[PDB]
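The file protein.pdb contains PDB, N, CA and C atoms:
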ATOM      1  N   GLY A   6      38.164  16.368 -33.243
ATOM      2  CA  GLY A   6      38.616  15.026 -33.707
ATOM      3  C   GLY A   6      38.146  13.921 -32.771
ATOM      4  N   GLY A   7      38.563  13.992 -31.512
ATOM      5  CA  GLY A   7      38.242  12.961 -30.526
ATOM      6  C   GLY A   7      38.229  13.522 -29.117
ATOM      7  N   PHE A   8      37.780  12.694 -28.194
ATOM      8  CA  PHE A   8      37.584  13.126 -26.826
ATOM      9  C   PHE A   8      38.846  13.234 -26.006
ATOM     10  N   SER A   9      38.866  14.167 -25.062
ATOM     11  CA  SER A   9      39.976  14.255 -24.117
ATOM     12  C   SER A   9      39.527  14.319 -22.627
ATOM     13  N   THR A  10      40.122  13.451 -21.809
ATOM     14  CA  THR A  10      39.818  13.314 -20.392
ATOM     15  C   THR A  10      39.944  14.634 -19.712
ATOM     16  N   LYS A  11      39.080  14.886 -18.755
ATOM     17  CA  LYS A  11      39.044  16.168 -18.131
ATOM     18  C   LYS A  11      38.921  15.851 -16.653
ATOM     19  N   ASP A  12      39.321  16.784 -15.796
ATOM     20  CA  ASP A  12      39.339  16.538 -14.372
ATOM     21  C   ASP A  12      37.988  16.806 -13.713
ATOM     22  N   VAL A  13      37.524  15.835 -12.928
ATOM     23  CA  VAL A  13      36.162  15.883 -12.379
ATOM     24  C   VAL A  13      36.021  16.933 -11.279
ATOM     25  N   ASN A  14      37.136  17.565 -10.892
ATOM     26  CA  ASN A  14      37.094  18.638  -9.878
ATOM     27  C   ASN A  14      37.265  20.045 -10.485
ATOM     28  N   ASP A  15      37.490  20.106 -11.787
ATOM     29  CA  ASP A  15      37.401  21.370 -12.498
ATOM     30  C   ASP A  15      36.126  22.127 -12.079
ATOM     31  N   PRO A  16      36.282  23.416 -11.742
ATOM     32  CA  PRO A  16      35.155  24.203 -11.254
ATOM     33  C   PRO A  16      34.059  24.300 -12.306
ATOM     34  N   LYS A  17      34.447  24.350 -13.574
ATOM     35  CA  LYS A  17      33.475  24.299 -14.654
ATOM     36  C   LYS A  17      32.796  22.911 -14.803
ATOM     37  N   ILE A  18      33.533  21.810 -14.630
ATOM     38  CA  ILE A  18      32.923  20.482 -14.701
ATOM     39  C   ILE A  18      31.890  20.327 -13.582
ATOM     40  N   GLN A  19      32.241  20.711 -12.356
ATOM     41  CA  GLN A  19      31.308  20.697 -11.242
ATOM     42  C   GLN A  19      29.972  21.458 -11.525
ATOM     43  N   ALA A  20      30.077  22.720 -11.952
ATOM     44  CA  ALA A  20      28.929  23.553 -12.395
ATOM     45  C   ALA A  20      28.090  22.796 -13.387
ATOM     46  N   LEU A  21      28.733  22.246 -14.415
ATOM     47  CA  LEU A  21      27.981  21.491 -15.391
ATOM     48  C   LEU A  21      27.250  20.256 -14.807
ATOM     49  N   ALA A  22      27.924  19.485 -13.926
ATOM     50  CA  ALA A  22      27.285  18.308 -13.260
ATOM     51  C   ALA A  22      26.029  18.785 -12.486
ATOM     52  N   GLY A  23      26.139  19.930 -11.827
ATOM     53  CA  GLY A  23      25.075  20.486 -11.039
ATOM     54  C   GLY A  23      23.877  20.727 -11.916
ATOM     55  N   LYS A  24      24.132  21.253 -13.104
ATOM     56  CA  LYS A  24      23.061  21.599 -14.011
ATOM     57  C   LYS A  24      22.488  20.332 -14.577
ATOM     58  N   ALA A  25      23.336  19.325 -14.815
ATOM     59  CA  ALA A  25      22.833  18.071 -15.379
ATOM     60  C   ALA A  25      21.921  17.358 -14.331
ATOM     61  N   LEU A  26      22.244  17.520 -13.043
ATOM     62  CA  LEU A  26      21.401  16.999 -11.971
ATOM     63  C   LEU A  26      20.001  17.629 -11.964
ATOM     64  N   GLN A  27      19.928  18.973 -12.002
ATOM     65  CA  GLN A  27      18.649  19.643 -12.082
ATOM     66  C   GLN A  27      17.841  19.129 -13.260
ATOM     67  N   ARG A  28      18.505  18.893 -14.369
ATOM     68  CA  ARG A  28      17.834  18.315 -15.510
ATOM     69  C   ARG A  28      17.355  16.874 -15.248
ATOM     70  N   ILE A  29      18.181  16.030 -14.642
ATOM     71  CA  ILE A  29      17.751  14.667 -14.326
ATOM     72  C   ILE A  29      16.518  14.739 -13.427
ATOM     73  N   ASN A  30      16.557  15.564 -12.410
ATOM     74  CA  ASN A  30      15.456  15.639 -11.474
ATOM     75  C   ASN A  30      14.161  16.172 -12.101
ATOM     76  N   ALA A  31      14.288  17.203 -12.965
ATOM     77  CA  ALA A  31      13.142  17.840 -13.697
ATOM     78  C   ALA A  31      12.405  16.876 -14.621
ATOM     79  N   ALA A  32      13.173  16.016 -15.281
ATOM     80  CA  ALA A  32      12.654  15.055 -16.249
ATOM     81  C   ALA A  32      12.286  13.647 -15.684
ATOM     82  N   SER A  33      12.846  13.281 -14.534
ATOM     83  CA  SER A  33      12.711  11.925 -13.970
ATOM     84  C   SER A  33      11.281  11.681 -13.449
ATOM     85  N   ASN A  34      10.740  10.480 -13.692
ATOM     86  CA  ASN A  34       9.441  10.034 -13.088
ATOM     87  C   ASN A  34       9.428   9.881 -11.572
ATOM     88  N   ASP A  35      10.610   9.830 -10.983
ATOM     89  CA  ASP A  35      10.757   9.610  -9.552
ATOM     90  C   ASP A  35      10.101  10.795  -8.805
ATOM     91  N   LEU A  36       9.428  10.532  -7.689
ATOM     92  CA  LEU A  36       8.857  11.586  -6.853
ATOM     93  C   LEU A  36       9.911  12.266  -6.003
ATOM     94  N   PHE A  37      11.021  11.574  -5.764
ATOM     95  CA  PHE A  37      12.066  12.070  -4.831
ATOM     96  C   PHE A  37      13.268  12.608  -5.638
ATOM     97  N   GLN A  38      13.788  13.754  -5.211
ATOM     98  CA  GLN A  38      15.011  14.323  -5.745
ATOM     99  C   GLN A  38      16.151  13.344  -5.625
ATOM    100  N   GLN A  39      17.037  13.391  -6.616
ATOM    101  CA  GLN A  39      18.274  12.632  -6.618
ATOM    102  C   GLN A  39      19.410  13.619  -6.331
ATOM    103  N   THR A  40      20.541  13.101  -5.848
ATOM    104  CA  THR A  40      21.660  13.943  -5.575
ATOM    105  C   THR A  40      22.865  13.280  -6.198
ATOM    106  N   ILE A  41      23.896  14.077  -6.441
ATOM    107  CA  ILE A  41      25.122  13.544  -7.019
ATOM    108  C   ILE A  41      25.917  12.984  -5.843
ATOM    109  N   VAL A  42      26.286  11.722  -5.945
ATOM    110  CA  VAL A  42      27.321  11.168  -5.067
ATOM    111  C   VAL A  42      28.715  11.600  -5.557
ATOM    112  N   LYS A  43      29.012  11.275  -6.815
ATOM    113  CA  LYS A  43      30.241  11.770  -7.404
ATOM    114  C   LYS A  43      30.192  11.865  -8.930
ATOM    115  N   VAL A  44      31.019  12.769  -9.433
ATOM    116  CA  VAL A  44      31.260  12.780 -10.837
ATOM    117  C   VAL A  44      32.263  11.654 -11.113
ATOM    118  N   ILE A  45      31.809  10.560 -11.712
ATOM    119  CA  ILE A  45      32.690   9.407 -12.039
ATOM    120  C   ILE A  45      33.727   9.801 -13.122
ATOM    121  N   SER A  46      33.271  10.372 -14.244
ATOM    122  CA  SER A  46      34.200  10.845 -15.270
ATOM    123  C   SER A  46      33.713  12.079 -16.046
ATOM    124  N   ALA A  47      34.625  12.674 -16.827
ATOM    125  CA  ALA A  47      34.342  13.880 -17.593
ATOM    126  C   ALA A  47      35.276  13.911 -18.764
ATOM    127  N   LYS A  48      34.756  14.194 -19.949
ATOM    128  CA  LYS A  48      35.595  14.246 -21.125
ATOM    129  C   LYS A  48      35.003  15.206 -22.140
ATOM    130  N   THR A  49      35.869  16.007 -22.755
ATOM    131  CA  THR A  49      35.436  17.044 -23.684
ATOM    132  C   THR A  49      36.024  16.839 -25.076
ATOM    133  N   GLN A  50      35.209  17.116 -26.083
ATOM    134  CA  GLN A  50      35.679  17.246 -27.422
ATOM    135  C   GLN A  50      35.276  18.615 -27.955
ATOM    136  N   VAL A  51      35.945  19.032 -29.024
ATOM    137  CA  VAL A  51      35.832  20.400 -29.517
ATOM    138  C   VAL A  51      35.811  20.440 -31.031
ATOM    139  N   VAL A  52      35.110  19.496 -31.649
ATOM    140  CA  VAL A  52      34.941  19.497 -33.094
ATOM    141  C   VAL A  52      33.910  20.553 -33.571
ATOM    142  N   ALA A  53      32.777  20.704 -32.878
ATOM    143  CA  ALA A  53      31.802  21.741 -33.230
ATOM    144  C   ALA A  53      31.204  22.367 -31.994
ATOM    145  N   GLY A  54      31.822  23.421 -31.486
ATOM    146  CA  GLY A  54      31.512  23.887 -30.129
ATOM    147  C   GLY A  54      32.071  22.840 -29.149
ATOM    148  N   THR A  55      31.840  22.992 -27.846
ATOM    149  CA  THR A  55      32.349  22.027 -26.862
ATOM    150  C   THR A  55      31.277  21.010 -26.507
ATOM    151  N   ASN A  56      31.636  19.732 -26.635
ATOM    152  CA  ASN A  56      30.829  18.651 -26.126
ATOM    153  C   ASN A  56      31.472  17.943 -24.942
ATOM    154  N   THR A  57      30.832  18.079 -23.787
ATOM    155  CA  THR A  57      31.276  17.453 -22.556
ATOM    156  C   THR A  57      30.392  16.263 -22.155
ATOM    157  N   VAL A  58      30.988  15.090 -21.960
ATOM    158  CA  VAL A  58      30.222  13.909 -21.552
ATOM    159  C   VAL A  58      30.643  13.586 -20.130
ATOM    160  N   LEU A  59      29.639  13.519 -19.265
ATOM    161  CA  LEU A  59      29.841  13.253 -17.858
ATOM    162  C   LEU A  59      29.156  11.962 -17.491
ATOM    163  N   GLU A  60      29.777  11.241 -16.554
ATOM    164  CA  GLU A  60      29.120  10.135 -15.902
ATOM    165  C   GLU A  60      28.981  10.551 -14.476
ATOM    166  N   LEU A  61      27.736  10.543 -14.003
ATOM    167  CA  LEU A  61      27.400  10.951 -12.666
ATOM    168  C   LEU A  61      26.893   9.746 -11.918
ATOM    169  N   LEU A  62      27.387   9.581 -10.700
ATOM    170  CA  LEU A  62      26.838   8.585  -9.800
ATOM    171  C   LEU A  62      25.845   9.321  -8.911
ATOM    172  N   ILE A  63      24.570   8.911  -8.946
ATOM    173  CA  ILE A  63      23.542   9.653  -8.221
ATOM    174  C   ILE A  63      22.794   8.740  -7.250
ATOM    175  N   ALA A  64      22.273   9.335  -6.167
ATOM    176  CA  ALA A  64      21.487   8.589  -5.172
ATOM    177  C   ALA A  64      20.180   9.279  -4.844
ATOM    178  N   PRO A  65      19.127   8.501  -4.443
ATOM    179  CA  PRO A  65      17.881   9.151  -4.000
ATOM    180  C   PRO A  65      18.097   9.879  -2.710
ATOM    181  N   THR A  66      17.292  10.898  -2.461
ATOM    182  CA  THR A  66      17.302  11.631  -1.178
ATOM    183  C   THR A  66      15.911  11.455  -0.621
ATOM    184  N   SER A  67      15.619  12.086   0.517
ATOM    185  CA  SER A  67      14.235  12.077   0.993
ATOM    186  C   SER A  67      13.480  13.383   0.691
ATOM    187  N   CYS A  68      14.081  14.218  -0.116
ATOM    188  CA  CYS A  68      13.469  15.431  -0.547
ATOM    189  C   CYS A  68      12.484  15.105  -1.646
ATOM    190  N   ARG A  69      11.214  15.330  -1.374
ATOM    191  CA  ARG A  69      10.196  15.047  -2.334
ATOM    192  C   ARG A  69      10.194  16.154  -3.323
ATOM    193  N   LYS A  70       9.989  15.820  -4.582
ATOM    194  CA  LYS A  70       9.858  16.797  -5.651
ATOM    195  C   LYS A  70       8.593  17.636  -5.494
ATOM    196  N   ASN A  71       7.626  17.123  -4.755
ATOM    197  CA  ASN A  71       6.375  17.822  -4.545
ATOM    198  C   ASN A  71       6.434  18.787  -3.406
ATOM    199  N   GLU A  72       7.618  19.265  -3.105
ATOM    200  CA  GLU A  72       7.819  20.092  -1.943
ATOM    201  C   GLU A  72       8.737  21.258  -2.166
ATOM    202  N   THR A  73       9.258  21.734  -1.063
ATOM    203  CA  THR A  73      10.264  22.747  -1.034
ATOM    204  C   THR A  73      11.066  22.564   0.232
ATOM    205  N   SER A  74      12.098  21.743   0.125
ATOM    206  CA  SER A  74      12.924  21.345   1.238
ATOM    207  C   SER A  74      13.699  22.471   1.871
ATOM    208  N   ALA A  75      13.851  22.376   3.179
ATOM    209  CA  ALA A  75      14.575  23.349   3.979
ATOM    210  C   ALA A  75      16.101  23.407   3.801
ATOM    211  N   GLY A  76      16.678  22.589   2.939
ATOM    212  CA  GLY A  76      18.105  22.691   2.737
ATOM    213  C   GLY A  76      18.799  21.840   1.704
ATOM    214  N   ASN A  77      19.962  21.332   2.069
ATOM    215  CA  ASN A  77      20.642  20.351   1.276
ATOM    216  C   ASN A  77      19.779  19.116   1.265
ATOM    217  N   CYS A  78      19.905  18.317   0.222
ATOM    218  CA  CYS A  78      19.211  17.080   0.196
ATOM    219  C   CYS A  78      20.192  15.937   0.208
ATOM    220  N   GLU A  79      20.222  15.208   1.314
ATOM    221  CA  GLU A  79      21.243  14.177   1.489
ATOM    222  C   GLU A  79      20.885  12.768   1.034
ATOM    223  N   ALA A  80      21.832  12.135   0.361
ATOM    224  CA  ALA A  80      21.724  10.755  -0.117
ATOM    225  C   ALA A  80      21.331   9.874   1.051
ATOM    226  N   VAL A  81      20.572   8.845   0.747
ATOM    227  CA  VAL A  81      20.052   7.961   1.763
ATOM    228  C   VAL A  81      20.520   6.521   1.554
ATOM    229  N   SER A  82      20.774   5.826   2.652
ATOM    230  CA  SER A  82      21.282   4.446   2.669
ATOM    231  C   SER A  82      20.806   3.574   1.532
ATOM    232  N   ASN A  83      19.514   3.402   1.385
ATOM    233  CA  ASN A  83      19.004   2.761   0.193
ATOM    234  C   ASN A  83      17.869   3.514  -0.475
ATOM    235  N   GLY A  84      18.232   4.204  -1.530
ATOM    236  CA  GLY A  84      19.627   4.280  -1.869
ATOM    237  C   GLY A  84      20.093   3.487  -3.046
ATOM    238  N   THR A  85      19.189   2.957  -3.852
ATOM    239  CA  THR A  85      19.583   2.448  -5.138
ATOM    240  C   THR A  85      20.159   3.545  -5.999
ATOM    241  N   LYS A  86      21.463   3.586  -6.047
ATOM    242  CA  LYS A  86      22.237   4.512  -6.834
ATOM    243  C   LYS A  86      22.078   4.264  -8.357
ATOM    244  N   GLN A  87      22.204   5.328  -9.141
ATOM    245  CA  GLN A  87      22.250   5.169 -10.590
ATOM    246  C   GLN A  87      23.474   5.840 -11.140
ATOM    247  N   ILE A  88      23.858   5.409 -12.343
ATOM    248  CA  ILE A  88      24.872   6.073 -13.162
ATOM    249  C   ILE A  88      24.200   6.611 -14.419
ATOM    250  N   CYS A  89      24.340   7.915 -14.580
ATOM    251  CA  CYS A  89      23.718   8.610 -15.682
ATOM    252  C   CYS A  89      24.859   9.173 -16.500
ATOM    253  N   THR A  90      24.815   8.876 -17.808
ATOM    254  CA  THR A  90      25.610   9.509 -18.834
ATOM    255  C   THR A  90      24.838  10.746 -19.367
ATOM    256  N   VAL A  91      25.513  11.881 -19.304
ATOM    257  CA  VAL A  91      24.966  13.179 -19.649
ATOM    258  C   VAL A  91      25.940  13.837 -20.630
ATOM    259  N   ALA A  92      25.393  14.409 -21.713
ATOM    260  CA  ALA A  92      26.145  15.163 -22.703
ATOM    261  C   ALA A  92      25.690  16.619 -22.661
ATOM    262  N   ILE A  93      26.666  17.501 -22.505
ATOM    263  CA  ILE A  93      26.386  18.891 -22.573
ATOM    264  C   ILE A  93      27.117  19.561 -23.738
ATOM    265  N   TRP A  94      26.326  20.268 -24.550
ATOM    266  CA  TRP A  94      26.767  20.821 -25.813
ATOM    267  C   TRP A  94      26.652  22.312 -25.795
ATOM    268  N   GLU A  95      27.793  22.980 -25.958
ATOM    269  CA  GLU A  95      27.838  24.440 -25.941
ATOM    270  C   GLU A  95      28.310  25.095 -27.228
ATOM    271  N   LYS A  96      27.526  26.076 -27.671
ATOM    272  CA  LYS A  96      27.855  26.868 -28.855
ATOM    273  C   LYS A  96      27.668  28.317 -28.521
ATOM    274  N   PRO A  97      28.720  28.968 -27.963
ATOM    275  CA  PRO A  97      28.576  30.326 -27.392
ATOM    276  C   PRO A  97      28.300  31.422 -28.446
ATOM    277  N   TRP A  98      28.446  31.097 -29.733
ATOM    278  CA  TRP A  98      28.019  32.037 -30.787
ATOM    279  C   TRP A  98      26.532  31.977 -31.105
ATOM    280  N   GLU A  99      25.870  30.880 -30.703
ATOM    281  CA  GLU A  99      24.412  30.783 -30.761
ATOM    282  C   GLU A  99      23.824  31.035 -29.391
ATOM    283  N   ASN A 100      24.690  31.455 -28.460
ATOM    284  CA  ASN A 100      24.348  31.544 -27.064
ATOM    285  C   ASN A 100      23.648  30.260 -26.566
ATOM    286  N   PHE A 101      24.129  29.108 -27.037
ATOM    287  CA  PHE A 101      23.424  27.845 -26.965
ATOM    288  C   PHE A 101      24.090  26.871 -25.948
ATOM    289  N   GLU A 102      23.296  26.374 -25.004
ATOM    290  CA  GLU A 102      23.791  25.317 -24.126
ATOM    291  C   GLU A 102      22.704  24.305 -23.994
ATOM    292  N   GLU A 103      22.933  23.131 -24.565
ATOM    293  CA  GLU A 103      21.989  22.047 -24.549
ATOM    294  C   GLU A 103      22.502  20.850 -23.698
ATOM    295  N   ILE A 104      21.758  20.527 -22.632
ATOM    296  CA  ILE A 104      22.076  19.366 -21.763
ATOM    297  C   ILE A 104      21.175  18.162 -22.106
ATOM    298  N   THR A 105      21.779  17.072 -22.568
ATOM    299  CA  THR A 105      21.084  15.838 -22.931
ATOM    300  C   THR A 105      21.379  14.747 -21.906
ATOM    301  N   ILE A 106      20.356  14.239 -21.221
ATOM    302  CA  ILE A 106      20.547  13.025 -20.394
ATOM    303  C   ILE A 106      20.463  11.854 -21.311
ATOM    304  N   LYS A 107      21.557  11.121 -21.447
ATOM    305  CA  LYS A 107      21.720  10.120 -22.477
ATOM    306  C   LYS A 107      21.146   8.760 -22.063
ATOM    307  N   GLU A 108      21.332   8.427 -20.793
ATOM    308  CA  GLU A 108      20.825   7.191 -20.203
ATOM    309  C   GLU A 108      21.165   7.286 -18.739
ATOM    310  N   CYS A 109      20.261   6.816 -17.879
ATOM    311  CA  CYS A 109      20.565   6.394 -16.483
ATOM    312  C   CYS A 109      20.327   4.874 -16.283
ATOM    313  N   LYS A 110      21.118   4.235 -15.446
ATOM    314  CA  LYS A 110      20.908   2.819 -15.211
ATOM    315  C   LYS A 110      21.330   2.526 -13.785
ATOM    316  N   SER A 111      20.813   1.417 -13.236
ATOM    317  CA  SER A 111      21.158   0.944 -11.888
ATOM    318  C   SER A 111      22.628   0.660 -11.770
ATOM    319  N   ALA A 112      23.211   1.220 -10.728
ATOM    320  CA  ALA A 112      24.562   0.914 -10.352
ATOM    321  C   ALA A 112      24.494   0.127  -9.050
TER     322      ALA A 112
END
So, in terms of structure tokens, how does the structure I just supplied come out?
Amino acid sequence: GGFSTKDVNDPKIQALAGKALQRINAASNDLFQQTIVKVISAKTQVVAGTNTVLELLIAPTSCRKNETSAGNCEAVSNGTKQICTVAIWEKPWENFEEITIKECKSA
């Protein structure tokens, strides 16, 4: 029917944000990896399989995508942060999980 607020520290919400980040980084024109600063919000609906919409606050790191960094990739002072709306759609009877990056914009 409609969306319901979900907790941004749910272990499943976190996993999903992580996956949405890999997707943002894989598809983004940026040469440098982005990292999640925080999950701003999370909300799920269940009309046809589960649809989860996340807002992620993300920052650039100094980890180049053209590389293989030695560890964690840490957010950097500037650091123009973005907010990306991401929709993740799950249909476990089709064994289906589709992550859609809906929009990113300057925050």
Item to check | Distance query range 10-20 of chain A at most 6.5 Å, all atoms listed in the file, self and fewer than 2 positions along chain excluded, as a count of residues only | outcome: 10
Checklist entry - Applied to this file, what does the PyMOL selection byres (((chain A and resi 36 and name CA) around 7) and name CA) return in terms of residues, put as a ChimeraX atom specification? => result /A:34-35,37-38,69-70
Can you spell out as a JSON list (two decimals) with N, CA and C atoms, keeping the file's coordinate frame the set of residues that the PyMOL selection byres ((chain A and resi 74-79) around 8) selects in the structure I just provided?
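As written to disk, out-v7.json reads:
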[["chain", "number", "residue", "atom", "x", "y", "z"],
["A", 38, "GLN", "N", 13.79, 13.75, -5.21],
["A", 38, "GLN", "CA", 15.01, 14.32, -5.74],
["A", 38, "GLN", "C", 16.15, 13.34, -5.62],
["A", 39, "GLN", "N", 17.04, 13.39, -6.62],
["A", 39, "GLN", "CA", 18.27, 12.63, -6.62],
["A", 39, "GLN", "C", 19.41, 13.62, -6.33],
["A", 40, "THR", "N", 20.54, 13.10, -5.85],
["A", 40, "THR", "CA", 21.66, 13.94, -5.58],
["A", 40, "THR", "C", 22.86, 13.28, -6.20],
["A", 41, "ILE", "N", 23.90, 14.08, -6.44],
["A", 41, "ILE", "CA", 25.12, 13.54, -7.02],
["A", 41, "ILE", "C", 25.92, 12.98, -5.84],
["A", 64, "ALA", "N", 22.27, 9.34, -6.17],
["A", 64, "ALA", "CA", 21.49, 8.59, -5.17],
["A", 64, "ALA", "C", 20.18, 9.28, -4.84],
["A", 65, "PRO", "N", 19.13, 8.50, -4.44],
["A", 65, "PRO", "CA", 17.88, 9.15, -4.00],
["A", 65, "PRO", "C", 18.10, 9.88, -2.71],
["A", 66, "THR", "N", 17.29, 10.90, -2.46],
["A", 66, "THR", "CA", 17.30, 11.63, -1.18],
["A", 66, "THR", "C", 15.91, 11.46, -0.62],
["A", 67, "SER", "N", 15.62, 12.09, 0.52],
["A", 67, "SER", "CA", 14.24, 12.08, 0.99],
["A", 67, "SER", "C", 13.48, 13.38, 0.69],
["A", 68, "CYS", "N", 14.08, 14.22, -0.12],
["A", 68, "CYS", "CA", 13.47, 15.43, -0.55],
["A", 68, "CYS", "C", 12.48, 15.10, -1.65],
["A", 69, "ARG", "N", 11.21, 15.33, -1.37],
["A", 69, "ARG", "CA", 10.20, 15.05, -2.33],
["A", 69, "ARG", "C", 10.19, 16.15, -3.32],
["A", 70, "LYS", "N", 9.99, 15.82, -4.58],
["A", 70, "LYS", "CA", 9.86, 16.80, -5.65],
["A", 70, "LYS", "C", 8.59, 17.64, -5.49],
["A", 71, "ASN", "N", 7.63, 17.12, -4.76],
["A", 71, "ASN", "CA", 6.38, 17.82, -4.54],
["A", 71, "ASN", "C", 6.43, 18.79, -3.41],
["A", 72, "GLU", "N", 7.62, 19.26, -3.10],
["A", 72, "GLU", "CA", 7.82, 20.09, -1.94],
["A", 72, "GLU", "C", 8.74, 21.26, -2.17],
["A", 73, "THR", "N", 9.26, 21.73, -1.06],
["A", 73, "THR", "CA", 10.26, 22.75, -1.03],
["A", 73, "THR", "C", 11.07, 22.56, 0.23],
["A", 80, "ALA", "N", 21.83, 12.14, 0.36],
["A", 80, "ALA", "CA", 21.72, 10.76, -0.12],
["A", 80, "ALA", "C", 21.33, 9.87, 1.05],
["A", 81, "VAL", "N", 20.57, 8.85, 0.75],
["A", 81, "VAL", "CA", 20.05, 7.96, 1.76],
["A", 81, "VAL", "C", 20.52, 6.52, 1.55],
["A", 82, "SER", "N", 20.77, 5.83, 2.65],
["A", 82, "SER", "CA", 21.28, 4.45, 2.67],
["A", 82, "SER", "C", 20.81, 3.57, 1.53]]
Checklist entry - Suppose you want the space between atom C of residue 106 in chain A and atom C of residue 50 in chain A; what is it in Å? => result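 Atom-to-atom, atom C of residue 106 in chain A and atom C of residue 50 in chain A are spaced 17.6 Å apart.
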Item to check | Counting only C-alpha atoms, the residue of A:109, A:93, A:63, A:88 that sits nearest residue 51 in chain A | outcome: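 So, comparing all the options, the nearest one is A:93.
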Item to check | Backbone-only DSSP, alpha helix (DSSP H) members of chain A, as a count of residues only | outcome: 17
Checklist entry - Hey, what's within 7 Å of range 96-100 of chain A if we count all atoms listed in the file and toss same-chain stuff fewer than 6 positions away? As a PyMOL selection string, please? => result chain A and resi 53-55
Checklist entry - What does the distance between atom N of residue 101 in chain A and CA of residue 32 in chain A come to in Å, to one decimal place? => result 21.1 Å
Item to check | Distance of atom C of residue 33 in chain A from atom C of residue 62 in chain A, expressed in Å to one decimal place | outcome: 15.4 Å
Item to check | strand (DSSP E) per DSSP on the backbone: members of chain A, as a PyMOL selection string | outcome: chain A and resi 9-10+37-50+55-69+87-96+101-111
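The residue that comes closest to residue 9 in chain A, out of A:110, A:59, A:84, A:104 and on the basis of only C-alpha atoms, is A:59.
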Output, as AutoDock Vina command-line options, the centre and edge lengths in Å (one decimal) of the axis-aligned box that contains all listed atoms of range 65-83 of chain A with 5 Å of margin on each side.
--center_x 14.1 --center_y 13.1 --center_z -0.8 --size_x 25.5 --size_y 30.6 --size_z 19.6
Item to check | Shortest interatomic distance to residue 108 in chain A - which of A:21, A:30, A:90, A:95, counting all atoms listed in the file | outcome: A:90
Checklist entry - Using all atoms listed in the file, which residue out of A:7, A:103, A:61, A:112 lies closest to residue 42 in chain A? => result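 Going through A:7, A:103, A:61, A:112 one by one, the smallest distance to residue 42 in chain A is for A:61.
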